[PDB]
């Protein structure tokens, strides 16, 4: 999904609000902040209502202006709440009644997702690969800066996981794929407009194809 969450490479932001080893305060800065993660784990591990991928996608589905003015932990609260409503566990009415006011949720999905690709390639360390020049309206774990770009394989994972573009939509056809650490030269991604050296992106097999 080409949403505002796909921030890598966006220009115009100011300084990162941190200097090295500065005091970051306690883990949680408010008494509610442990709730998003702990309730996500309730949903995933206890209820089996959704996957972590579904949580990432529902946050991506926040109305864009809403996403941009909401702190991280709050986005998560909104995401988990939305999933609970979508899965029929909770109602928005009861959330707003308990909250004592408006509790707007993420927007409905505009894609049913897609299955794990049937045709993929097992790549080896040192191989050159290109990121498939594909546009996916639903959940995908490919940041746009690498779409269509060429890099080298630095690592193939020894484990395999469900394809995010499927499990992020709660589909039954996510299968399993390894991922690959693909090293791109900075200039491959941003031309002359970068001060970096290389960027390594951890890409599912189904996002890749042989280079050339």
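Numbering follows the first chain given and starts at 1.
Item to complete: Going by the average Cα B-factor in the PDB entry, point out whether 10-18 or 186-194 comes out higher.
Response: The recorded data point to 186-194.
Item to complete: Check the entry's C-alpha temperature factors for 47-55 and 65-73, then say which stretch has the higher mean.
Response: Taking the mean B-factor of the alpha carbons in each, 47-55 is higher.
Worksheet item: Based on what the PDB entry reports, which of 35, 144, 166, 30 has the top C-alpha B-factor?
Response: Of the candidates given, the C-alpha B-factor peaks at 30.
Worksheet item: Which is it among 1, 4, 208, 212: the one with the largest CA B-factor in the entry?
Response: Highest C-alpha B-factor among the listed residues goes to 212.
Item to complete: Can you work out whether the C-alpha temperature factor of residue 138 puts it in the lowest, middle or highest third of the chain?
Response: It belongs to the lowest third of the chain when residues are ordered by C-alpha B-factor.
Worksheet item: Which third of the chain does residue 82 land in by C-alpha B-factor: lowest, middle or highest?
Response: As the PDB entry reports it, the C-alpha B-factor of residue 82 lands in the lowest third of its chain.
Discussion item. Quick check on the deposited entry: does the C-alpha B-factor of residue 109 sit in the lowest, middle or highest third of its chain?
Written reply: CA B-factor rank for residue 109: middle third.
Worksheet item: residue 173's Cα B-factor: lowest, middle or highest third of the chain?
Response: Within its chain, residue 173 is a middle-third residue by C-alpha B-factor, going by the deposited values.
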